[PDB]
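Residue numbers (the authors' numbering), protein chains in the order written: chain C, 146 to 173, 188 to 193; chain C', 1 to 173, 188 to 232; chain C'', 1 to 173, 188 to 232; chain B, 30 to 43, 53 to 137, 145 to 251; chain B', 30 to 43, 53 to 137, 145 to 251; chain A, 69 to 204, 212 to 292; chain A', 69 to 204, 212 to 292. A prime marks a further copy of an entry chain. Ideal Cβ positions, reconstructed from N, Cα and C, are used throughout, including at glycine. Below: one structure, written as structure tokens.
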Amino acid sequence: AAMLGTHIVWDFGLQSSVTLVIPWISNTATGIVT
Amino acid sequence: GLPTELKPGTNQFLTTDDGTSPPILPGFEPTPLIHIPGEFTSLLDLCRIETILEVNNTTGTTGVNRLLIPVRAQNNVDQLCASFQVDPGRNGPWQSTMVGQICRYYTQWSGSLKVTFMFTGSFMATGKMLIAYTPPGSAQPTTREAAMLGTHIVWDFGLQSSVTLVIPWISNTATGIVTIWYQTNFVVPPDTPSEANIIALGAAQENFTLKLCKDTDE
Amino acid sequence: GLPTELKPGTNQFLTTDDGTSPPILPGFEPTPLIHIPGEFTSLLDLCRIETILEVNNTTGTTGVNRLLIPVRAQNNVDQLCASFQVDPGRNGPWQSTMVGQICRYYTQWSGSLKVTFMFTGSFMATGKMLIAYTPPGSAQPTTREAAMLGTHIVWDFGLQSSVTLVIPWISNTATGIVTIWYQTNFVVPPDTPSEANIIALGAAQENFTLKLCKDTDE
Amino acid sequence: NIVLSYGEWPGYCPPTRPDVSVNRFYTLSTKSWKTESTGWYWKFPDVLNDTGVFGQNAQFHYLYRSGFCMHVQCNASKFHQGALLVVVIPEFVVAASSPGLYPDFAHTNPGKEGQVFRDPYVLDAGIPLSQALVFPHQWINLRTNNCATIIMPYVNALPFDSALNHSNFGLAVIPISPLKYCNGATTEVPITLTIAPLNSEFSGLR
Amino acid sequence: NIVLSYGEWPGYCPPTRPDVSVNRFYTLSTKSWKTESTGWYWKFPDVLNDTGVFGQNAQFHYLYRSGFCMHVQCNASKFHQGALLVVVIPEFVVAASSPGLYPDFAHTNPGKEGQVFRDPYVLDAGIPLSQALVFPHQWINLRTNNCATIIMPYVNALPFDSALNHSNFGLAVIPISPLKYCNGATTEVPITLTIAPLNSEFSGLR
Amino acid sequence: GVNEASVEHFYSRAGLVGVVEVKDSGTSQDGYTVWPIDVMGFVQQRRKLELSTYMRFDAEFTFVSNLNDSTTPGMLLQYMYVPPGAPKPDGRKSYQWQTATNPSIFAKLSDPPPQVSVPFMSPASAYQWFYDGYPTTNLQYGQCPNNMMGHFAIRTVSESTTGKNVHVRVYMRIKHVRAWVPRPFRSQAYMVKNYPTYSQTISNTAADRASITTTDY
Amino acid sequence: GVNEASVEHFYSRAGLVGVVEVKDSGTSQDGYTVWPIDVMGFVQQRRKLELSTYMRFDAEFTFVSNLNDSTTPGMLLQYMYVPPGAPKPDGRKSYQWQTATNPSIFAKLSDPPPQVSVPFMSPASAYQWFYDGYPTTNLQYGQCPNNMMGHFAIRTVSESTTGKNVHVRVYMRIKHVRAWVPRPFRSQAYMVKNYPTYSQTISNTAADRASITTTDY
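What follows is the structure, given as structure tokens:
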């Protein structure tokens, strides 16, 4: 279910640090990272 | 080439073989060919001539009534009026068309068909029907809104008296569906018949083809 | 050429004769040929595709285990590991190769073969094997030094994971031998499996040829 | 508007060639289109064989050759509905039906009055009315148009033929969608056929 | 690195052509490679028939045409050993075996999960695994590489075909040399299959 | 696929136009037979030809002759073509068999089938399948006498009763076909040979279904 | 030697594709037989064809017909080809023998064998020996209906039981061959006609030896 949305597959062996950019979020109900 | 060998295939009579044979009356002069109008050199030219679909091919209907799709004032709206398959080679309304009759002399066919609809109600008889085409994969629509989401034409009686629907592509080696829906109620002024007929016509397009000659079932 | 004589060989049906015959359906148009990828015009192109030798074709071994040459830590050094003949047409490991299967459709073949060896042990598994080829005249070597004096390759596991041996020339109208020797003991660090497998692959070179078509034995 | 049969104008033969005594419009007896009407057909030139100067020429000349221009006018109000198919059928051989396997002379050559169809579904010839649109035709949809004009050239295997013995073509007016109206409207719709021979040629004068 | 199946890039047909909603990477459920594992196969495009936007397109379109790019990633330590053959088999018809001469639907179309081989020696099709290298393939030798990438164009006798009824090709991951390790290492090696459809075309939208 | 849907190809290939029988045993000891050339012998071929009004073509005729049990002995046969408006044989040994203007083919059962091409024979510019008129009663209506292509009188060249029946299959191939004025395909059953007469029990052109909204038959 | 190892030459030469029998004595007095065209009639030819996935070719068919004791009398035979999707004869004297669109060959046993070339007949661009899919149950899996090339109905042209059985050997030569996607040669025995089904008793591709180090069998 999470794979069909915005996601990054991160491999430990290859890449030791991964960066995820949250597109946009505001405060005047919020994004989730799993 | 005096020294010859006779290869396998001699003294056979192949009925499809296109050879020469001696004239039985050499030096006989046939009547010269005058100009006759209406020469045709292709069954495809006849296939794309519009002919009446027998959409009302219903048990108990006879004669010219079988060529008419009845349209009348409906108590309930969004009801189905008529349904036929886009299948010239199969038994059904296309049997009565010239394209549907030529298709029975061939094994396979491909190309596009157009179905013309002619409204034969009074001049003062307005209303809308929905003509929807279902591609061969999908089943017949159950409701007018279900048919509205697919390929469709909304046809107004008052404005446009004839509408043409082009079937994109269909082949024979399960088939397209055409459904006519009551978009609106049949509207008439006083002293005007409240029931009318639609005449459905059908033909092939320029990209229609036929293949593998065969003898017809009738 | 009206005056002809029929020479001996008329009314014979030679099954290998390449003649003409009338089309049974003249003016029938076959489906046009679209582009399909992977067209092959030569069995030689398939003969030079590397396929797995069944070197462990030993009684009691079944399934994928028959494609694996076992390598393990040896109490005695310079022992023979495996031996197979370079003979695509004969019964044995080449039966499982594409070159060995196409060779059974022909009577005679000539040209060079290459045998690739793939080591499938752990990354930390070093050691040396000796791959020696014996030309058809000479008998199989008895010792590692006897095989070392002929054509051979010393293969190191730690450095090079795949080695290719080219068989110079072999024909069918008694055959080459390939032997794999334990040059060194199988060396591993702690917590590493001490037994591994070699996968032997085989194919033909560009100078491979086939001759006199024949029906296969299977 | 005008439809040319087979996309060819009628023309002269490269013999009597009347100028205006024959080229005039011939207007036939009007047909009453009713609810239960099956249709009408005329044979050409049998329809004009005993009618005016063309009638005199066709009866006192051995050979004959002419094109025709047919106008099928329809007088209906906007409160009448129905569709006629007006089809020209070259060599319209009428068939008999038996439960009488040969049609009467009254049916093969109805004259200027014309004959009513008995089985308009099969055109009284065993051929489906649904495929009659391979022949040159016009629709008369009472809500769209009340006129049909078909220009028919001379079609024959022979350059000339007898007017009295041979009919080159038949003209059929067939109500596909029946005439329908409400109480108070005229119970019938007049259908008027106007014929104009074009490029008429004659031979064997007596 | 990347291997082109039959030396041809997938391309468009000279119809729906999605840009990025379909061209995205699809990552399947990871397979646990164990000592006793026989192998796995997937049917294309059956593996994506019920998966994301490609799944929606393949189920609501009459015709279908697409190339694929398969990544077979393997997560093993330097202390794990084994070799996988990753082979793409065009028209991979699975065979039944009887001492049941017809394979079940679960075997012919295993779906996104994929099916395990029962007789990987004969590829469950009566053809030797030793000659499976005539098909486009990559080796995964745990001591050499842990990745395989096969680019597969559209192969069919027809320009278009049904995604739901016909599988153009099968993808088989088969352990030739069994997985082996020492006590303390992970008892299984993950095998990840990532699929990316290339040049996908659709027709008959409903 | 435009060559297969042409008038030339639609009317091509050789078809059985008549099974002629030369009876010479039992009671029928004629030893000859006269078969009038009929392009519309069978309803299948008649319906295809009646698609057009006028045709002009040359016909190629092949004779597939054999005995009752498929045997083909060395028996001699004469296939004489009687052109339109020539007298026909009235016996096994009549003088019409010796008329030079009637072309003959002398062939044996042991030989491959005889072939011969009859040209376009009509006094008019085209054969006319539909004639809306009278030659000069009800019977003569529709009866154009210009469609007669001739006869094929066939006999065994013998002096007495052979005692063997010969079955002749006549195959015709329409050649150089030109068609004019296409017509609807006949929908009703053919009752007689030369008339469009149909049964009062009119058959519907299309097969029936339960209702105008159900796609089931 | 590169011409002998080509796809054109590998699939060349005429091979027996079926021994068709026209039985007309004892109990079987049919006097005809219908043989469906099968390029994979024999396992030898099936294995060679299944080397590729798609083929496109024209086939040339030869009929070697004779009686039980090799005799070839003057008997007439009809070799009618029923194209894919045409009705087949259901008797010795059915109307399907007279259908013009089914090409026929009329030939005698005394004549040299009849030959005729069937073109590429598939609705698809190539014949497909492996179809991984369903036409629309378990039985229909792998069953592509586009590989049907037609039928060869063969009869004696006779009015009654001849009392002689005719053995017809059909020889086919694959012509203008194009092959795609080579496949491994089948290793298991063929159990059924249209399925890759194999026995649970898997046969090893290679013959066995005592040990991996002994070059003896």
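Separation of B':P148 and C'':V55 (C-alpha to C-alpha, rounded to the nearest whole angstrom) is 32 Å. Interface annotation, C:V166: not in contact with chain B', CB-CB separation never under 8 Å.
In this structure, the beta-carbon distance from A':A228 to A':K156 falls below 8 Å. Nearest in C-alpha terms to A:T140, of all of A:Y246, A:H242, A:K250, A:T290, is A:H242. DSSP places C':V64 within a helical segment (H, G or I) once states are collapsed to three. When secondary structure is reduced to three states using DSSP, C'':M148 falls in the helix class.
Taking the beta carbon of C':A82 as reference, no residue of chain B falls within 8 Å; the closest one sits roughly 15 Å away. If you draw a 10 Å sphere on the C-beta of A:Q166, you find fewer than 16 other C-beta atoms in it, and that means exposed.
At a cut-off of 8 Å between beta-carbon atoms, A:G83 makes no contact with chain C''. At a beta-carbon threshold of 7 Å, the residues of chain A lying near C':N56 are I287, ordered along the chain. Contact fails between the region 165-172 of chain B and the region 97-105 of chain C', because fewer than three Cβ pairs, one in each stretch, are under 8 Å apart. A Cβ of chain B' is located within less than 8 Å of the beta carbon of A':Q196. Between A:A192 and B:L203, the gap from beta carbon to beta carbon is short of 8 Å. Cβ neighbours of B':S75 within its own chain (closer than 6 Å, five residues either side excluded): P220. Rounded to whole angstroms, C':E39 and B:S245 show a C-alpha spacing of 23 Å. Close partners of C':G9 in chain A' (Cβ separation under 7 Å): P182, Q183.
Contact with chain A is absent for C'':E220, since none of that chain's Cβ atoms lies less than 8 Å from the residue's Cβ. Chain C' has a Cβ within less than 8 Å of the Cβ of A:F260. In this structure, A':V256 sits near A':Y122, with a CB-CB distance shorter than 8 Å. At a Cβ-Cβ threshold of 8 Å, C':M148 and C':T206 do not count as neighbours. Just measuring C-alpha positions, the residue of C'':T97, C'':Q79, C'':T120, C'':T230 sitting nearest A':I287 is C'':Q79. The criterion of a C-beta distance shorter than 8 Å is satisfied by C'':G92 and A':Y292. The beta carbons of B':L66 and B':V32 sit about 20 Å from each other, so the pair does not count as a contact at 8 Å.
Restricting attention to A':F125, A':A285, A':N240, A':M247, the CA atom closest to the CA of A':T101 is found in A':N240.
DSSP, reduced to helix, strand and coil, places C'':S96 within a helical segment of the structure shown. Runs of the beta strand (DSSP E) lying entirely within the region 8-68 of chain C'' and spanning at least 3 residues: none are present.
Under DSSP, A':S133 shares a beta bridge with A':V243. Counting C-beta pairs with one atom in each stretch, the region 101-109 of chain B' and the region 191-207 of chain C'' have fewer than three that are closer than 8 Å, which means they do not touch. Just measuring C-alpha positions, the residue of B':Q160, B':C112, B':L224, B':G249 sitting nearest B':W80 is B':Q160. Only exposed fits B:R55, as fewer than 16 other CB atoms lie within 10 angstroms of its CB. Among the residues of the region 124-137 of chain C', those with a Cβ less than 7 Å away from any Cβ of chain B' are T134, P135, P136, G137, in the order of the chain. Secondary structure of B':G40 (DSSP, three-state): coil. With respect to B:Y35, B:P181 sits close: the two C-beta atoms are nearer than 8 Å. As a beta-bridge residue in DSSP terms, A:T231 pairs with A:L145.
The count of Cβ pairs closer than 8 Å, one atom from the region 123-134 of chain B and one from the region 119-138 of chain C', stays below three, leaving the stretches out of contact.
Annotation: the continuous beta strand (DSSP E) that includes B:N244 extends over 234-250.
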